[PDB]
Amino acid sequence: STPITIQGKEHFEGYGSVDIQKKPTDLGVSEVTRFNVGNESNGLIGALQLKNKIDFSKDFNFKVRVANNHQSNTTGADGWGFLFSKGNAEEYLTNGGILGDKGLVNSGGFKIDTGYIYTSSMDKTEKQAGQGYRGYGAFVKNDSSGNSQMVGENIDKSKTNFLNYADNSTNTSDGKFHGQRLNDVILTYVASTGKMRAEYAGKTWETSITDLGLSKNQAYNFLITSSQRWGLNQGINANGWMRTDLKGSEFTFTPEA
């Protein structure tokens, strides 16, 4: 048992609709990994699989740098799904994750929801419908049937999952959250409590891994996932780029022995 602390795209295998974007002038870094490129009739689907499994007997702390597309919540990406599973990126490409109503079984994780999916009953309850980069953050469980259900709670004073995933700011160094700019998603797990917490957009959420359907005596794949209009056979209309800087991200955990 030795924790490792790692940074960089070389610790990930990319699968599906992912590439490198060199010198994104709108984001202020050397490069990002970019989700939701090209055009397909059944939409776009991508994952990064961390090359090591995570031992859930031990704590982890991740800091993932993500920028959401500056796009309406019906032409852009479905969101971010930070997903823990025994399932792997190839099965994710075929089966889906945590950004709709169905995906990979007995899995769970944290979503930044950036796409209003008219077929999604979850998007209705969370009032995602409307103009104005309307989104929400939540932990999601996929049960033994692959059905996606929100779990855990928002634990900010505000006690809502709603967040604006982008804005029209021309003053992005003003100290405030600009969701179209790179921002920290902090995912922290403490083995001795079973608590997983997500921090993003100044907001905080918490669940137990038992409420995610995961177990402390197991090692899991970790997938950074995105999808754009995936499964709506409405094709792709627009740029839906969901971009992450893996070099400026940092992952501390105990890999599977």
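Residue indices: 1-based, along the sequence shown.
- Comparing 120-128 with 135-143, the stretch with the higher mean C-alpha B-factor in the PDB entry is 120-128.
- When the two stretches 147-155 and 77-85 are set side by side, the higher mean Cα temperature factor goes to 147-155.
- Sorting 173, 169, 183, 106 by the CA temperature factor given in the entry leaves 169 at the top.
- Placement of the Cα temperature factor of residue 242 within the chain: lowest third of the modelled residues, per the deposited record.
- In the deposited entry, the Cα temperature factor of residue 210 places it in the middle third of its chain's modelled residues.
- When all modelled residues of the chain are sorted by CA temperature factor, residue 39 is found within the highest third.
- Annotation for residue 219: CA B-factor lies in the middle third of the chain's modelled residues.
- Among the modelled residues of the chain, residue 24 sits in the middle third by CA temperature factor in this PDB entry.
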